[PDB]
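What follows is the content of upload.cif (mmCIF, N, CA and C atoms).
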data_query
loop_
_atom_site.label_atom_id
_atom_site.label_comp_id
_atom_site.auth_asym_id
_atom_site.auth_seq_id
_atom_site.Cartn_x
_atom_site.Cartn_y
_atom_site.Cartn_z
N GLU A 1 0.82 -1.20 0.00
CA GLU A 1 0.00 0.00 0.00
C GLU A 1 0.86 1.25 0.00
N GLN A 2 2.06 1.15 0.57
CA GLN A 2 2.99 2.27 0.52
C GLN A 2 3.42 2.57 -0.91
N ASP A 3 3.54 1.54 -1.74
CA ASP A 3 3.93 1.75 -3.13
C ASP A 3 2.80 2.40 -3.90
N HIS A 4 1.56 1.97 -3.65
CA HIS A 4 0.41 2.65 -4.21
C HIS A 4 0.29 4.05 -3.65
N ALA A 5 0.68 4.23 -2.39
CA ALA A 5 0.74 5.57 -1.84
C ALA A 5 1.86 6.37 -2.48
N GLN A 6 2.90 5.69 -2.97
CA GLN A 6 4.06 6.39 -3.49
C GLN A 6 3.74 7.08 -4.81
N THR A 7 3.08 6.37 -5.72
CA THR A 7 2.66 7.01 -6.97
C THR A 7 1.56 8.02 -6.71
N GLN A 8 0.69 7.73 -5.74
CA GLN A 8 -0.33 8.69 -5.36
C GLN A 8 0.28 9.90 -4.68
N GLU A 9 1.47 9.73 -4.09
CA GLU A 9 2.19 10.90 -3.61
C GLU A 9 2.82 11.66 -4.77
N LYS A 10 3.33 10.94 -5.76
CA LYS A 10 4.07 11.59 -6.84
C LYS A 10 3.13 12.29 -7.80
N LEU A 11 1.92 11.76 -7.97
CA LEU A 11 0.99 12.35 -8.93
C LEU A 11 0.46 13.68 -8.42
N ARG A 12 0.44 13.86 -7.10
CA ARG A 12 -0.07 15.10 -6.53
C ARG A 12 0.81 16.28 -6.90
N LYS A 13 2.13 16.11 -6.79
CA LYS A 13 3.03 17.15 -7.26
C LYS A 13 3.05 17.18 -8.78
N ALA A 14 2.73 16.06 -9.41
CA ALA A 14 2.66 16.04 -10.87
C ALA A 14 1.36 16.66 -11.36
N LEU A 15 0.39 16.85 -10.48
CA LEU A 15 -0.84 17.51 -10.90
C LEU A 15 -0.89 18.94 -10.42
N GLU A 16 -0.12 19.27 -9.39
CA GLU A 16 -0.08 20.65 -8.91
C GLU A 16 0.65 21.54 -9.90
N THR A 17 1.50 20.97 -10.74
CA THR A 17 2.17 21.77 -11.76
C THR A 17 1.22 22.10 -12.90
N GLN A 18 0.10 21.39 -13.00
CA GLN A 18 -0.89 21.75 -13.99
C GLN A 18 -1.63 23.01 -13.58
N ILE A 19 -1.99 23.11 -12.30
CA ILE A 19 -2.80 24.23 -11.85
C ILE A 19 -1.94 25.48 -11.74
N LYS A 20 -0.62 25.33 -11.77
CA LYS A 20 0.24 26.50 -11.83
C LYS A 20 0.45 26.91 -13.28
N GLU A 21 0.37 25.96 -14.21
CA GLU A 21 0.66 26.29 -15.60
C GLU A 21 -0.60 26.66 -16.36
N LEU A 22 -1.71 25.98 -16.08
CA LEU A 22 -2.94 26.29 -16.80
C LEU A 22 -3.50 27.63 -16.35
N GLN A 23 -3.23 28.01 -15.10
CA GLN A 23 -3.71 29.30 -14.60
C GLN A 23 -2.99 30.45 -15.28
N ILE A 24 -1.67 30.37 -15.39
CA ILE A 24 -0.92 31.47 -15.99
C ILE A 24 -1.12 31.48 -17.50
N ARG A 25 -1.47 30.34 -18.09
CA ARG A 25 -1.77 30.34 -19.52
C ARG A 25 -3.18 30.85 -19.76
N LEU A 26 -4.05 30.71 -18.76
CA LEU A 26 -5.37 31.32 -18.85
C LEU A 26 -5.28 32.83 -18.73
N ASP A 27 -4.50 33.31 -17.76
CA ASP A 27 -4.42 34.74 -17.50
C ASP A 27 -3.75 35.48 -18.65
N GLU A 28 -2.88 34.79 -19.40
CA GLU A 28 -2.28 35.40 -20.57
C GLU A 28 -3.32 35.54 -21.68
N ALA A 29 -4.24 34.58 -21.78
CA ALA A 29 -5.18 34.60 -22.89
C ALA A 29 -6.25 35.66 -22.70
N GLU A 30 -6.77 35.80 -21.47
CA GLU A 30 -7.93 36.67 -21.26
C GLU A 30 -7.56 38.14 -21.40
N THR A 31 -6.31 38.49 -21.10
CA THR A 31 -5.84 39.82 -21.47
C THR A 31 -5.63 39.90 -22.97
N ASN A 32 -5.13 38.83 -23.58
CA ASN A 32 -4.83 38.87 -25.00
C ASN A 32 -6.10 38.82 -25.84
N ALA A 33 -7.08 38.03 -25.42
CA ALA A 33 -8.33 37.96 -26.18
C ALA A 33 -9.12 39.25 -26.03
N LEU A 34 -8.97 39.93 -24.89
CA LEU A 34 -9.61 41.23 -24.73
C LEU A 34 -8.92 42.27 -25.60
N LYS A 35 -7.59 42.34 -25.53
CA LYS A 35 -6.85 43.31 -26.33
C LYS A 35 -6.89 42.92 -27.80
N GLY A 36 -7.05 41.63 -28.09
CA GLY A 36 -7.24 41.21 -29.47
C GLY A 36 -8.55 41.72 -30.04
N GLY A 37 -9.63 41.62 -29.26
CA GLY A 37 -10.90 42.11 -29.74
C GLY A 37 -11.00 43.62 -29.70
N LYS A 38 -10.40 44.25 -28.68
CA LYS A 38 -10.50 45.69 -28.53
C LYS A 38 -9.77 46.42 -29.65
N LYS A 39 -8.64 45.87 -30.10
CA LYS A 39 -7.99 46.44 -31.27
C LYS A 39 -8.75 46.08 -32.54
N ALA A 40 -9.42 44.93 -32.55
CA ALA A 40 -10.17 44.53 -33.73
C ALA A 40 -11.45 45.35 -33.85
N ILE A 41 -12.05 45.71 -32.72
CA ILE A 41 -13.29 46.46 -32.80
C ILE A 41 -13.00 47.93 -33.06
N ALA A 42 -11.79 48.39 -32.75
CA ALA A 42 -11.50 49.81 -32.86
C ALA A 42 -11.25 50.22 -34.30
N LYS A 43 -10.57 49.37 -35.06
CA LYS A 43 -10.33 49.65 -36.47
C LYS A 43 -11.65 49.70 -37.24
N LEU A 44 -12.55 48.76 -36.96
CA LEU A 44 -13.85 48.79 -37.59
C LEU A 44 -14.70 49.95 -37.07
N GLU A 45 -14.40 50.45 -35.88
CA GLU A 45 -14.95 51.75 -35.52
C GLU A 45 -14.26 52.85 -36.31
N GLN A 46 -12.96 52.72 -36.54
CA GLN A 46 -12.21 53.81 -37.15
C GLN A 46 -12.51 53.91 -38.64
N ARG A 47 -12.74 52.78 -39.30
CA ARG A 47 -12.96 52.83 -40.74
C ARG A 47 -14.38 53.25 -41.06
N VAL A 48 -15.36 52.77 -40.29
CA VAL A 48 -16.75 53.19 -40.47
C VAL A 48 -16.90 54.66 -40.14
N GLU B 1 -2.42 3.80 8.14
CA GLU B 1 -1.96 4.23 6.83
C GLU B 1 -3.11 4.20 5.83
N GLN B 2 -4.18 3.46 6.15
CA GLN B 2 -5.27 3.34 5.19
C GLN B 2 -6.13 4.60 5.16
N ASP B 3 -6.60 5.05 6.32
CA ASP B 3 -7.55 6.15 6.33
C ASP B 3 -6.87 7.47 6.00
N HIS B 4 -5.60 7.60 6.40
CA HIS B 4 -4.83 8.78 6.03
C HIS B 4 -4.63 8.85 4.53
N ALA B 5 -4.47 7.70 3.89
CA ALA B 5 -4.49 7.66 2.44
C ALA B 5 -5.88 7.96 1.91
N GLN B 6 -6.92 7.50 2.62
CA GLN B 6 -8.29 7.69 2.17
C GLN B 6 -8.68 9.16 2.20
N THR B 7 -8.08 9.93 3.11
CA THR B 7 -8.23 11.37 3.04
C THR B 7 -7.49 11.94 1.84
N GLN B 8 -6.34 11.34 1.50
CA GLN B 8 -5.57 11.86 0.38
C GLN B 8 -6.18 11.46 -0.95
N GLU B 9 -6.94 10.36 -0.97
CA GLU B 9 -7.65 9.99 -2.19
C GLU B 9 -8.82 10.92 -2.45
N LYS B 10 -9.31 11.59 -1.41
CA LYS B 10 -10.34 12.59 -1.62
C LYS B 10 -9.76 13.83 -2.27
N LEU B 11 -8.51 14.15 -1.94
CA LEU B 11 -7.90 15.36 -2.49
C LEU B 11 -7.54 15.18 -3.95
N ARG B 12 -7.25 13.95 -4.37
CA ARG B 12 -6.99 13.70 -5.79
C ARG B 12 -8.26 13.88 -6.59
N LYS B 13 -9.39 13.45 -6.02
CA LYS B 13 -10.67 13.66 -6.69
C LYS B 13 -11.06 15.13 -6.64
N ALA B 14 -10.54 15.86 -5.66
CA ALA B 14 -10.83 17.29 -5.59
C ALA B 14 -10.13 18.05 -6.70
N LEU B 15 -8.88 17.69 -6.99
CA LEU B 15 -8.10 18.49 -7.92
C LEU B 15 -8.45 18.16 -9.37
N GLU B 16 -8.82 16.90 -9.65
CA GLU B 16 -9.15 16.55 -11.03
C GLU B 16 -10.45 17.20 -11.46
N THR B 17 -11.32 17.51 -10.50
CA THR B 17 -12.42 18.41 -10.80
C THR B 17 -11.90 19.81 -11.08
N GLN B 18 -10.98 20.29 -10.24
CA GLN B 18 -10.50 21.66 -10.34
C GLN B 18 -9.68 21.88 -11.61
N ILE B 19 -9.13 20.80 -12.16
CA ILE B 19 -8.48 20.89 -13.47
C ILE B 19 -9.50 21.25 -14.55
N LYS B 20 -10.67 20.63 -14.51
CA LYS B 20 -11.59 20.73 -15.64
C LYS B 20 -12.25 22.10 -15.73
N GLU B 21 -12.58 22.70 -14.59
CA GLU B 21 -13.14 24.05 -14.62
C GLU B 21 -12.12 25.06 -15.10
N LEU B 22 -10.84 24.82 -14.84
CA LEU B 22 -9.82 25.66 -15.44
C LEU B 22 -9.53 25.21 -16.86
N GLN B 23 -9.92 23.98 -17.21
CA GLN B 23 -9.73 23.52 -18.58
C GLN B 23 -10.86 24.00 -19.47
N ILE B 24 -12.04 24.22 -18.89
CA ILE B 24 -13.18 24.65 -19.69
C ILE B 24 -13.08 26.14 -20.00
N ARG B 25 -12.23 26.85 -19.27
CA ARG B 25 -12.00 28.26 -19.55
C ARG B 25 -11.17 28.41 -20.81
N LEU B 26 -10.38 27.39 -21.14
CA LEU B 26 -9.63 27.41 -22.39
C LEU B 26 -10.56 27.31 -23.59
N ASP B 27 -11.74 26.72 -23.40
CA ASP B 27 -12.77 26.80 -24.43
C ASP B 27 -13.49 28.15 -24.37
N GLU B 28 -13.51 28.77 -23.19
CA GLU B 28 -14.26 30.01 -23.01
C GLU B 28 -13.56 31.18 -23.70
N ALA B 29 -12.24 31.07 -23.91
CA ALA B 29 -11.47 32.15 -24.52
C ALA B 29 -11.93 32.43 -25.94
N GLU B 30 -12.39 31.40 -26.64
CA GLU B 30 -13.21 31.62 -27.81
C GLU B 30 -14.51 32.28 -27.37
N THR B 31 -14.63 33.58 -27.66
CA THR B 31 -15.62 34.50 -27.11
C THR B 31 -15.59 34.55 -25.58
N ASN B 32 -14.52 35.08 -25.00
CA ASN B 32 -14.51 35.32 -23.56
C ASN B 32 -15.02 36.71 -23.23
N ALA B 33 -14.53 37.72 -23.95
CA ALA B 33 -14.87 39.12 -23.66
C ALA B 33 -16.26 39.43 -24.22
N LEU B 34 -17.28 38.92 -23.52
CA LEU B 34 -18.64 38.92 -24.06
C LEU B 34 -19.27 40.31 -24.00
N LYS B 35 -18.78 41.17 -23.11
CA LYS B 35 -19.31 42.53 -23.04
C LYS B 35 -18.86 43.36 -24.25
N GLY B 36 -17.85 42.87 -24.97
CA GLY B 36 -17.48 43.34 -26.29
C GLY B 36 -17.44 42.18 -27.28
N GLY B 37 -18.44 41.29 -27.20
CA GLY B 37 -18.35 39.96 -27.78
C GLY B 37 -18.27 39.93 -29.29
N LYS B 38 -18.13 38.71 -29.81
CA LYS B 38 -17.81 38.42 -31.21
C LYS B 38 -18.96 38.90 -32.10
N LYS B 39 -20.21 38.76 -31.67
CA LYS B 39 -21.35 39.08 -32.53
C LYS B 39 -21.42 40.58 -32.78
N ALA B 40 -21.02 41.36 -31.78
CA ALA B 40 -20.97 42.81 -31.94
C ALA B 40 -19.90 43.20 -32.95
N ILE B 41 -18.82 42.43 -33.02
CA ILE B 41 -17.84 42.64 -34.07
C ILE B 41 -18.43 42.23 -35.41
N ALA B 42 -19.24 41.17 -35.41
CA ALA B 42 -19.78 40.65 -36.66
C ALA B 42 -20.82 41.60 -37.26
N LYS B 43 -21.62 42.24 -36.41
CA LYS B 43 -22.65 43.14 -36.92
C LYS B 43 -22.03 44.40 -37.49
N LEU B 44 -20.90 44.83 -36.94
CA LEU B 44 -20.20 45.99 -37.49
C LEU B 44 -19.54 45.65 -38.82
N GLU B 45 -19.30 44.37 -39.08
CA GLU B 45 -18.78 43.99 -40.39
C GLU B 45 -19.85 44.10 -41.46
N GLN B 46 -21.11 43.86 -41.09
CA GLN B 46 -22.18 43.95 -42.08
C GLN B 46 -22.56 45.40 -42.35
N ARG B 47 -22.14 46.31 -41.48
CA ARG B 47 -22.37 47.72 -41.74
C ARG B 47 -21.44 48.24 -42.83
N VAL B 48 -20.14 47.92 -42.73
CA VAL B 48 -19.15 48.52 -43.61
C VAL B 48 -19.25 47.94 -45.02
#
structure tokens encoding of this file:
Amino acid sequence: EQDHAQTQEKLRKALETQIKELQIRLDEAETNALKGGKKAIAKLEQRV
Amino acid sequence: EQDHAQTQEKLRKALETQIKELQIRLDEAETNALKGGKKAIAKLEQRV
């Protein structure tokens, strides 16, 4: 059971690196998708 | 060692849920900025 605990110990640190990486990749997108649309909507405001 | 692991098996089920709600936001980035959303960009395209 210790060996089953061992991989279950290792996967926890192997899964905590997901919540550190997916969070910062999310935060990069939501600023980028906002600034992506805001620049996209402004030109079509500017040309019209 | 069993029940202490049984508490830790609850935390693994806790985080794999928490992965998916942060994973579903990666789908949300396709139209995330809804207060300036995609359709409002699309309607301004039909104007010009």
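With only the atoms specified (only C-alpha atoms) counting, those residues at most 12 Å away from (-5.2, 4.9, 5.0) are residues 1, 2, 4 and 5 of chain A; 1, 2, 3, 4, 5, 6, 7, 8, 9 and 10 of chain B.
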Find the residues in chain B near chain A: any atom within 8 Å counts, using all atoms listed in the file. Write them as an mmCIF file with N, CA and C atoms, in the coordinates of the input.
data_model
loop_
_atom_site.group_PDB
_atom_site.id
_atom_site.type_symbol
_atom_site.label_atom_id
_atom_site.label_comp_id
_atom_site.auth_asym_id
_atom_site.auth_seq_id
_atom_site.Cartn_x
_atom_site.Cartn_y
_atom_site.Cartn_z
ATOM 1 N N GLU B 1 -2.420 3.800 8.140
ATOM 2 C CA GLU B 1 -1.960 4.230 6.830
ATOM 3 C C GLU B 1 -3.110 4.200 5.830
ATOM 4 N N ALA B 5 -4.470 7.700 3.890
ATOM 5 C CA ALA B 5 -4.490 7.660 2.440
ATOM 6 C C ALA B 5 -5.880 7.960 1.910
ATOM 7 N N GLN B 8 -6.340 11.340 1.500
ATOM 8 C CA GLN B 8 -5.570 11.860 0.380
ATOM 9 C C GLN B 8 -6.180 11.460 -0.950
ATOM 10 N N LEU B 11 -8.510 14.150 -1.940
ATOM 11 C CA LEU B 11 -7.900 15.360 -2.490
ATOM 12 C C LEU B 11 -7.540 15.180 -3.950
ATOM 13 N N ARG B 12 -7.250 13.950 -4.370
ATOM 14 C CA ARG B 12 -6.990 13.700 -5.790
ATOM 15 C C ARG B 12 -8.260 13.880 -6.590
ATOM 16 N N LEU B 15 -8.880 17.690 -6.990
ATOM 17 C CA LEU B 15 -8.100 18.490 -7.920
ATOM 18 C C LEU B 15 -8.450 18.160 -9.370
ATOM 19 N N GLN B 18 -10.980 20.290 -10.240
ATOM 20 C CA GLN B 18 -10.500 21.660 -10.340
ATOM 21 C C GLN B 18 -9.680 21.880 -11.610
ATOM 22 N N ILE B 19 -9.130 20.800 -12.160
ATOM 23 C CA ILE B 19 -8.480 20.890 -13.470
ATOM 24 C C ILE B 19 -9.500 21.250 -14.550
ATOM 25 N N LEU B 22 -10.840 24.820 -14.840
ATOM 26 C CA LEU B 22 -9.820 25.660 -15.440
ATOM 27 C C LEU B 22 -9.530 25.210 -16.860
ATOM 28 N N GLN B 23 -9.920 23.980 -17.210
ATOM 29 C CA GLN B 23 -9.730 23.520 -18.580
ATOM 30 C C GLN B 23 -10.860 24.000 -19.470
ATOM 31 N N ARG B 25 -12.230 26.850 -19.270
ATOM 32 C CA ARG B 25 -12.000 28.260 -19.550
ATOM 33 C C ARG B 25 -11.170 28.410 -20.810
ATOM 34 N N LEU B 26 -10.380 27.390 -21.140
ATOM 35 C CA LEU B 26 -9.630 27.410 -22.390
ATOM 36 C C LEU B 26 -10.560 27.310 -23.590
ATOM 37 N N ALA B 29 -12.240 31.070 -23.910
ATOM 38 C CA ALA B 29 -11.470 32.150 -24.520
ATOM 39 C C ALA B 29 -11.930 32.430 -25.940
ATOM 40 N N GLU B 30 -12.390 31.400 -26.640
ATOM 41 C CA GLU B 30 -13.210 31.620 -27.810
ATOM 42 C C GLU B 30 -14.510 32.280 -27.370
ATOM 43 N N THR B 31 -14.630 33.580 -27.660
ATOM 44 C CA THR B 31 -15.620 34.500 -27.110
ATOM 45 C C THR B 31 -15.590 34.550 -25.580
ATOM 46 N N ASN B 32 -14.520 35.080 -25.000
ATOM 47 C CA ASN B 32 -14.510 35.320 -23.560
ATOM 48 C C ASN B 32 -15.020 36.710 -23.230
ATOM 49 N N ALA B 33 -14.530 37.720 -23.950
ATOM 50 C CA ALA B 33 -14.870 39.120 -23.660
ATOM 51 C C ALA B 33 -16.260 39.430 -24.220
ATOM 52 N N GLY B 36 -17.850 42.870 -24.970
ATOM 53 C CA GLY B 36 -17.480 43.340 -26.290
ATOM 54 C C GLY B 36 -17.440 42.180 -27.280
ATOM 55 N N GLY B 37 -18.440 41.290 -27.200
ATOM 56 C CA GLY B 37 -18.350 39.960 -27.780
ATOM 57 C C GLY B 37 -18.270 39.930 -29.290
ATOM 58 N N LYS B 38 -18.130 38.710 -29.810
ATOM 59 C CA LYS B 38 -17.810 38.420 -31.210
ATOM 60 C C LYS B 38 -18.960 38.900 -32.100
ATOM 61 N N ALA B 40 -21.020 41.360 -31.780
ATOM 62 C CA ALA B 40 -20.970 42.810 -31.940
ATOM 63 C C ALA B 40 -19.900 43.200 -32.950
ATOM 64 N N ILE B 41 -18.820 42.430 -33.020
ATOM 65 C CA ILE B 41 -17.840 42.640 -34.070
ATOM 66 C C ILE B 41 -18.430 42.230 -35.410
ATOM 67 N N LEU B 44 -20.900 44.830 -36.940
ATOM 68 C CA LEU B 44 -20.200 45.990 -37.490
ATOM 69 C C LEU B 44 -19.540 45.650 -38.820
ATOM 70 N N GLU B 45 -19.300 44.370 -39.080
ATOM 71 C CA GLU B 45 -18.780 43.990 -40.390
ATOM 72 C C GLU B 45 -19.850 44.100 -41.460
ATOM 73 N N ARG B 47 -22.140 46.310 -41.480
ATOM 74 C CA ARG B 47 -22.370 47.720 -41.740
ATOM 75 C C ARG B 47 -21.440 48.240 -42.830
ATOM 76 N N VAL B 48 -20.140 47.920 -42.730
ATOM 77 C CA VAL B 48 -19.150 48.520 -43.610
ATOM 78 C C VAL B 48 -19.250 47.940 -45.020
#
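Picture a line from CA of residue 24 in chain A to CA of residue 39 in chain B; it runs 27.4 Å.
Our summary of the geometry notes that atom C of residue 46 in chain B is positioned 14.6 Å from atom N of residue 43 in chain A.
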Can you show chain B as a compact mmCIF listing (two decimals) with N, CA and C atoms, in the frame of the given file once it has been least-squares superposed onto chain A, using every C-alpha atom paired in order?
# COMPACT_ATOMS: atom_id res chain seq x y z
N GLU B 1 3.79 0.32 2.06
CA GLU B 1 2.97 1.52 2.15
C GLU B 1 3.78 2.74 1.73
N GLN B 2 5.12 2.62 1.74
CA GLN B 2 5.93 3.79 1.42
C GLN B 2 5.94 4.06 -0.08
N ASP B 3 6.26 3.05 -0.89
CA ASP B 3 6.44 3.30 -2.31
C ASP B 3 5.11 3.54 -3.01
N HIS B 4 4.06 2.89 -2.51
CA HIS B 4 2.72 3.14 -3.03
C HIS B 4 2.29 4.56 -2.75
N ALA B 5 2.69 5.10 -1.60
CA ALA B 5 2.50 6.51 -1.35
C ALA B 5 3.40 7.34 -2.25
N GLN B 6 4.62 6.85 -2.52
CA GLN B 6 5.57 7.60 -3.33
C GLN B 6 5.09 7.72 -4.77
N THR B 7 4.32 6.74 -5.24
CA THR B 7 3.64 6.92 -6.51
C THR B 7 2.54 7.96 -6.41
N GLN B 8 1.87 8.01 -5.25
CA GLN B 8 0.78 8.96 -5.10
C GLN B 8 1.29 10.37 -4.88
N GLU B 9 2.52 10.50 -4.35
CA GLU B 9 3.12 11.82 -4.23
C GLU B 9 3.53 12.38 -5.58
N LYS B 10 3.73 11.50 -6.56
CA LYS B 10 4.00 11.97 -7.90
C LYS B 10 2.74 12.54 -8.53
N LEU B 11 1.59 11.97 -8.19
CA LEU B 11 0.34 12.44 -8.80
C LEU B 11 -0.08 13.77 -8.23
N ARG B 12 0.29 14.06 -6.98
CA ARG B 12 -0.01 15.38 -6.41
C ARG B 12 0.81 16.44 -7.10
N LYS B 13 2.07 16.10 -7.43
CA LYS B 13 2.90 17.04 -8.17
C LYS B 13 2.43 17.15 -9.61
N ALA B 14 1.75 16.12 -10.10
CA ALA B 14 1.22 16.18 -11.46
C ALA B 14 0.06 17.15 -11.55
N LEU B 15 -0.82 17.15 -10.55
CA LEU B 15 -2.04 17.93 -10.66
C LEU B 15 -1.80 19.40 -10.34
N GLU B 16 -0.85 19.69 -9.44
CA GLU B 16 -0.60 21.09 -9.10
C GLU B 16 0.05 21.82 -10.26
N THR B 17 0.75 21.09 -11.13
CA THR B 17 1.11 21.66 -12.41
C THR B 17 -0.12 21.89 -13.26
N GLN B 18 -1.01 20.90 -13.31
CA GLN B 18 -2.17 20.96 -14.19
C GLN B 18 -3.16 22.03 -13.74
N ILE B 19 -3.11 22.40 -12.46
CA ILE B 19 -3.90 23.54 -11.99
C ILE B 19 -3.42 24.83 -12.65
N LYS B 20 -2.11 25.01 -12.76
CA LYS B 20 -1.58 26.32 -13.15
C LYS B 20 -1.80 26.62 -14.62
N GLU B 21 -1.69 25.60 -15.48
CA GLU B 21 -1.97 25.82 -16.90
C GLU B 21 -3.43 26.12 -17.13
N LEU B 22 -4.32 25.58 -16.30
CA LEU B 22 -5.71 25.99 -16.37
C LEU B 22 -5.92 27.29 -15.61
N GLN B 23 -4.98 27.65 -14.74
CA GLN B 23 -5.09 28.92 -14.03
C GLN B 23 -4.56 30.06 -14.89
N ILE B 24 -3.62 29.76 -15.79
CA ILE B 24 -3.04 30.80 -16.62
C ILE B 24 -3.99 31.16 -17.76
N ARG B 25 -4.96 30.30 -18.02
CA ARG B 25 -5.97 30.59 -19.04
C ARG B 25 -6.93 31.65 -18.53
N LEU B 26 -7.07 31.75 -17.21
CA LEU B 26 -7.89 32.81 -16.63
C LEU B 26 -7.25 34.18 -16.85
N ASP B 27 -5.93 34.22 -17.00
CA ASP B 27 -5.28 35.45 -17.45
C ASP B 27 -5.42 35.61 -18.97
N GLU B 28 -5.56 34.49 -19.68
CA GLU B 28 -5.60 34.54 -21.14
C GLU B 28 -6.92 35.12 -21.64
N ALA B 29 -7.98 35.03 -20.82
CA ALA B 29 -9.29 35.52 -21.22
C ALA B 29 -9.29 37.02 -21.47
N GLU B 30 -8.45 37.75 -20.74
CA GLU B 30 -8.08 39.07 -21.17
C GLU B 30 -7.30 38.96 -22.48
N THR B 31 -7.96 39.33 -23.58
CA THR B 31 -7.56 39.05 -24.96
C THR B 31 -7.38 37.56 -25.23
N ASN B 32 -8.46 36.79 -25.20
CA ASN B 32 -8.38 35.39 -25.62
C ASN B 32 -8.67 35.25 -27.10
N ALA B 33 -9.74 35.89 -27.58
CA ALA B 33 -10.18 35.75 -28.97
C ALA B 33 -9.29 36.61 -29.87
N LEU B 34 -8.06 36.12 -30.09
CA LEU B 34 -7.03 36.94 -30.72
C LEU B 34 -7.26 37.09 -32.23
N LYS B 35 -8.00 36.16 -32.83
CA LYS B 35 -8.29 36.27 -34.25
C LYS B 35 -9.30 37.40 -34.52
N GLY B 36 -9.98 37.86 -33.47
CA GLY B 36 -10.74 39.09 -33.45
C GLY B 36 -10.29 39.99 -32.31
N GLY B 37 -8.97 40.08 -32.10
CA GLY B 37 -8.41 40.56 -30.85
C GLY B 37 -8.69 42.02 -30.55
N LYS B 38 -8.22 42.43 -29.37
CA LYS B 38 -8.54 43.71 -28.74
C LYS B 38 -7.99 44.85 -29.60
N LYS B 39 -6.82 44.70 -30.21
CA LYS B 39 -6.19 45.80 -30.94
C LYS B 39 -6.99 46.13 -32.19
N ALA B 40 -7.59 45.11 -32.79
CA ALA B 40 -8.45 45.32 -33.95
C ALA B 40 -9.70 46.10 -33.56
N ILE B 41 -10.18 45.89 -32.33
CA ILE B 41 -11.26 46.72 -31.83
C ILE B 41 -10.76 48.13 -31.58
N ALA B 42 -9.51 48.25 -31.12
CA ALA B 42 -8.97 49.56 -30.78
C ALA B 42 -8.73 50.42 -32.02
N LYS B 43 -8.29 49.79 -33.11
CA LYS B 43 -8.01 50.56 -34.33
C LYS B 43 -9.30 51.04 -34.96
N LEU B 44 -10.38 50.28 -34.81
CA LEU B 44 -11.68 50.73 -35.33
C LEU B 44 -12.24 51.87 -34.49
N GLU B 45 -11.77 52.00 -33.25
CA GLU B 45 -12.20 53.15 -32.45
C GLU B 45 -11.54 54.43 -32.94
N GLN B 46 -10.31 54.33 -33.46
CA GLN B 46 -9.64 55.53 -33.94
C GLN B 46 -10.16 55.95 -35.31
N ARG B 47 -10.87 55.05 -35.99
CA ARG B 47 -11.49 55.42 -37.24
C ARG B 47 -12.71 56.31 -37.02
N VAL B 48 -13.59 55.92 -36.08
CA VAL B 48 -14.86 56.59 -35.92
C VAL B 48 -14.68 57.96 -35.27
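Pairwise distance (CA of residue 14 in chain B, atom C of residue 28 in chain B) equals 23.0 Å.
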Box for range 19-35 of chain A - axis-aligned, 6 Å on each of the six sides, all listed atoms - centre and size in Å to one decimal, as lines of an AutoDock Vina configuration file.
center_x = -4.5
center_y = 33.2
center_z = -19.8
size_x = 22.3
size_y = 32.2
size_z = 28.1
